[PDB]
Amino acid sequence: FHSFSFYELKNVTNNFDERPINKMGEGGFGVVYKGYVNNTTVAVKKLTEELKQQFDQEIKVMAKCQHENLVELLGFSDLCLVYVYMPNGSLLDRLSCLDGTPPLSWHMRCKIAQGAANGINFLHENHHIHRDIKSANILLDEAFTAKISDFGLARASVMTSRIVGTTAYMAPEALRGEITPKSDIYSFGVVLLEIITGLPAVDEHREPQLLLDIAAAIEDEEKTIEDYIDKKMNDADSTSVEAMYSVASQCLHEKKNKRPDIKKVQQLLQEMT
């Protein structure tokens, strides 16, 4: 950790230039900018007291959660969080091949899914619920090691009146204010479908619009997973694919109690390879 000056961060972000190439992404909770400090390329997240909680929620969890499959926080400071730069961005942007990056091989996809499961496993073992598991919050380092980000809106492992998260990924019970680690499982389910299909979780111009409903159609023998396997790879085999799809289907059980725990997800993803 460390305590950066707002002016230093401002200086290394070209006055937080809200224009891409120093900007690199934007959630609901803030904007992310590229920076250089201590000869280290960094990410700078600039973030009513709700927002100030998400800052300390990020610090509190990042103060007591270091794992190979979680992003690393370097410091803080207009509230600003500083992270180690993830040169290969988000799983979402790499699945979509944004900026012309090569399609991820099935081999790398299988590694990213296990990494992502291990990061969720560490969170759940340390009595944290992420509450916003999605391809955009799985980041990729210099070796394409999966790194879970955005532990804002996380909570100790109940109902809330402020339903938060990303609709296209959220469990039914989470959409009704419930807060259970089994919500993280369902959302990871949607991530596994993104990995298999290369399709976004919501596409306004697509029928169906939600990848969730594609999942349901396949369970009702009206679609097939083979017909949805991402065509932008040459190293997929049916066995590993339909084994990963099996994990996603178990993850996407509408009834929370019938979904596996993150430990069983990890095991099933290992058995796959």
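A residue's number is simply how far along the shown sequence it sits, counting from 1.
| Length class of the unmodelled deposited segment, which would lie between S157 and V158 | Missing residues, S157 to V158: 4 to 9.
| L47 to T48: deposited residues without atomic coordinates | Missing in between: 4 to 9 residues.
| said: I need to verify one thing: averaged over C-alpha atoms only, is the B-factor higher for 60-68 or for 213-221? | reply: Averaged over C-alpha atoms, the B-factors run higher in 60-68.
| message | So, looking at the entry's B-factor column for Cα atoms, which has the higher mean, 95-103 or 161-169? | response | The stretch with the larger mean CA B-factor is 161-169.
| query | Highest CA temperature factor in the entry: which of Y33, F29, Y228, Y245? | reply | Among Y33, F29, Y228, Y245, the highest C-alpha B-factor in the entry belongs to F29.
| field | Third of the chain's Cα B-factor distribution that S5 belongs to, per the entry | value | Answer is highest: the recorded C-alpha B-factor places it there.
| task | For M86, return the chain-relative third of its C-alpha B-factor as stated in the PDB record: lowest, middle or highest. | result | According to the entry, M86 has a C-alpha B-factor in the chain's middle third.
| query | In terms of the chain's CA B-factor thirds, is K52 lowest, middle or highest? | reply | Tercile = highest for this residue's CA B-factor.
| Third of the chain, ranked by Cα B-factor, where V42 sits | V42: CA B-factor falls in the middle third of its chain.
| Where the record places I120 (Cα B-factor, split into thirds across the chain) | For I120, the deposited C-alpha B-factor lands in the middle third.
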